K.L.:
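First, the structure itself, so that you have it in front of you.
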Amino acid sequence: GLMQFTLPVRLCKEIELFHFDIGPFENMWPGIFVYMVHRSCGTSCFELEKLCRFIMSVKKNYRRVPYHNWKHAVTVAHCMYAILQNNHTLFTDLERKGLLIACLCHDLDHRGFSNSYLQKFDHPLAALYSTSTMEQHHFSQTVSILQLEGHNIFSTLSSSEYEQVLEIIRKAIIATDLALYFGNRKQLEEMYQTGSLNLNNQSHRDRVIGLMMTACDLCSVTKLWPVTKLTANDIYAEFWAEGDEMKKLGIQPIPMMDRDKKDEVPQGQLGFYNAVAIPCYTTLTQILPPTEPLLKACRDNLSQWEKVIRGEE
Ligand SMILES: Cc1nn(-c2ccccn2)c2sc(NC(=O)c3ccccc3)cc12
Ligand SMILES: [Mg+2]
Ligand SMILES: [Zn+2]
């Protein structure tokens with residue numbers, strides 16, 4: 001079992017960095033991901049043929065939408081890989097295995113519509129799960145793919161460890177529901193500052209992994225400016241599509257989702273960086289100091305959106 005995936009020189013160096021961009025070649029993302037699982041985990045932890053059949057089925061079940069697509073899945077996994085590599089000692093053999101699978105599967109079968117739109121459209125999935133509607137759906141789909149033949153990449157685990165790792169993945173994926181983020185971060189801030197944040201508490205680990213999942217999901221805000229700028233077009237194109245479907249139901253959508261209100265994009269990004277992104281990576285850096293590069297890049301992009309409002313670009 002001496003088959004070590006290697007990346008060309010620039011990628012091999014650049015991939016270790018939080019701000020790495022996985023590039024425009026779809027055909028290299030599976031190799032990128034496997035390279036990350038091997039360095040991150042062990043060459044031992046998964047059987048290559050099962051892994052490769054698991055990854056390809058996950059790709060086939062991501063859809064052709066402007067932002068919540070197979071590129072995004074691999075990007076989020078990459079940022080999780082970077083967090084783990086810079087915090088080597090804090091995570092168990094199970095967490096490292098589970099979390100990179102979580103990140104790849106976190107937006108499985110996403111059609112480009114918020115939980116909110118499912119509720120007002122009255123989509124069946126919203127009948128089955130009242131809160132975190134898409135996030136329970138994503139997990140449901142992960143589990144479906146796990147139970148295909150030749151796809152049980154966790155087959156070498158006891159009954160116990162298997163249940164722990166699937167409960168890591170479930171909590172991980174639920175935590176990508178941003179409505180949950182606000183409370184999760186309020187509570188972590190209050191634990192860190194009253195000195196009670198304790199990582200042996202399974203209750204406290206769950207919340208901290210929940211924060212990493214938010215950090216990894218937002219991580220287009222932590223890239224270099226030209227990648228941040230260009231991903232914004234993809235993000236807004238999903239939002240505008242949904243506002244279009246909102247209007248189709250007889251509902252004026254919020255200005256974020258109204259494509260007649262493009263003028264207000266950079267101001268909307270300010271709001272988001274101030275109200276979400278900066279607080280997210282602020283709190284995460286207090287809990288996990290080696291993630292500071294995420295806060296630095298996030299402030300830089302906040303500063304680059306201020307320059308777009310002031311006419312200097
Ligand atoms: C204005 C804007 N930019 N932007 C963005 C920028 C970079 C990367 C990802 N997202 C977001 S995400 C968001 N709000 C939610 O997704 C949401 C979901 C459920 C409940 C409440 C809010 C708003 C917003
Ligand atoms: Mg999602
Ligand atoms: Zn996502």
Side-chain angles (χ1 to χ4, degrees), residues 58 61-63 65-80 99 102-120 125-126 129 131-142 169 172-185 210 212-225 227-243 253-259 261-281 294 297-298 300-302 304-305 308-309:
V58 164
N61 282 284
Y62 276 90
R63 293 161 160 279
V65 293
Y67 172 72
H68 288 108
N69 59 33
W70 170 236
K71 196 163 188 168
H72 161 72
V74 176
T75 305
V76 169
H78 164 266
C79 178
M80 172 66 64
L99 284 181
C103 283
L104 195 73
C105 294
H106 90 275
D107 271 336
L108 266 177
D109 190 36
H110 203 283
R111 349 253 163 111
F113 301 111
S114 63
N115 284 338
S116 217
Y117 177 74
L118 289 205
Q119 295 149 33
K120 298 167 183 168
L125 277 175
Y129 333 97
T131 70
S132 318
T133 297
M134 287 291 296
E135 299 76 26
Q136 306 208 74
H137 185 53
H138 304 313
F139 179 60
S140 147
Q141 292 273 286
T142 314
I169 288 167
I173 288 187
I174 306 310
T176 59
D177 186 12
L178 200 66
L180 286 172
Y181 150 70
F182 290 110
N184 194 45
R185 196 213 58 75
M212 287 159 56
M213 288 302 303
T214 314
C216 289
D217 198 21
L218 298 196
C219 82
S220 90
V221 302
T222 74
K223 298 300 176 203
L224 299 201
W225 172 235
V227 185
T228 293
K229 203 174 163 195
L230 288 156
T231 308
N233 300 343
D234 294 334
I235 297 166
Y236 270 92
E238 290 203 357
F239 287 152
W240 294 335
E242 168 165 324
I254 65 184
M256 197 200 289
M257 288 182 190
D258 188 350
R259 77 160 74 252
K261 304 186 180 177
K262 303 197 178 67
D263 28 289
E264 303 169 29
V265 156
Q267 197 69 55
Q269 287 297 287
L270 264 208
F272 186 75
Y273 277 73
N274 290 324
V276 187
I278 296 290
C280 172
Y281 296 104
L294 296 170
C298 188
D300 279 343
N301 285 320
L302 172 46
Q304 288 300 290
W305 285 114
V308 187
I309 307 158

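In each ligand, atom 1 is the first atom listed, and ligand 1 is the first ligand listed. The chain is numbered in sequence order, starting from 1.
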K.L.:
A quick test of your reading: do over 12 heavy atoms of other residues, nucleotides or ligands sit less than 6.0 Å from NZ of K71?
P.N.:
yes
K.L.:
To 10 degrees, how wide is the angle NE2 (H106) to the Zn ion (ligand 3) to OD2 (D107)?
P.N.:
90°
K.L.:
Look at the rings of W305 and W225 and say which category their plane angle falls in: under 30° parallel, 30 to 60° tilted, over 60° perpendicular.
P.N.:
perpendicular
K.L.:
Determine, for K261 against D263, whether the closest basic-nitrogen to carboxylate-oxygen distance falls under 4.0 angstrom.
P.N.:
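No, no charged N to carboxylate O under 4.0 Å.
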K.L.:
Checking only N/O/S atoms, does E135 have one that is under 2.8 Å from the Mg ion (ligand 2)?
P.N.:
no
K.L.:
Between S114 and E242, is there a side-chain donor-acceptor contact under 3.5 Å, judged purely by atom types and distance?
P.N.:
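There is such a pair between these side chains.
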K.L.:
Could you check which N/O/S atom of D107 is closest to the Mg ion (ligand 2)?
P.N.:
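The atom in question is OD1.
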K.L.:
Should the ring pair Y236 and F239 be called parallel, tilted or perpendicular, given that the plane angle runs from 0 to 90° and is split at 30 and 60?
P.N.:
perpendicular
K.L.:
Rounded to the nearest 10°, what angle sits at the Zn ion (ligand 3) between NE2 of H72 and OD1 of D217?
P.N.:
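Once rounded, the angle between the two atoms at the Zn ion (ligand 3) is 100°.
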K.L.:
With hydrogens left out, which residues have an atom under 4.0 Å from ligand 1, given that only heavy atoms count?
P.N.:
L178, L218, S220, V221, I235, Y236, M256, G268, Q269, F272
K.L.:
Cut-off 3.5 Å, side chains only: do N301 and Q269 have a donor facing an acceptor?
P.N.:
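The criterion, which ignores hydrogens and geometry beyond distance, is not satisfied for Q269 and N301.
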K.L.:
Could you check whether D217 and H72, counting side-chain N and O atoms only, form a donor-acceptor pair closer than 3.5 Å?
P.N.:
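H72 vs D217: donor-acceptor pair found between side chains.
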K.L.:
The test is ring-ring contact (aromatic ring centres under 6.0 Å, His included); show your working for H110 and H138 and say whether it passes.
P.N.:
CA-CA 8 Å; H110 203 283; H138 304 313; 5.5 Å; yes
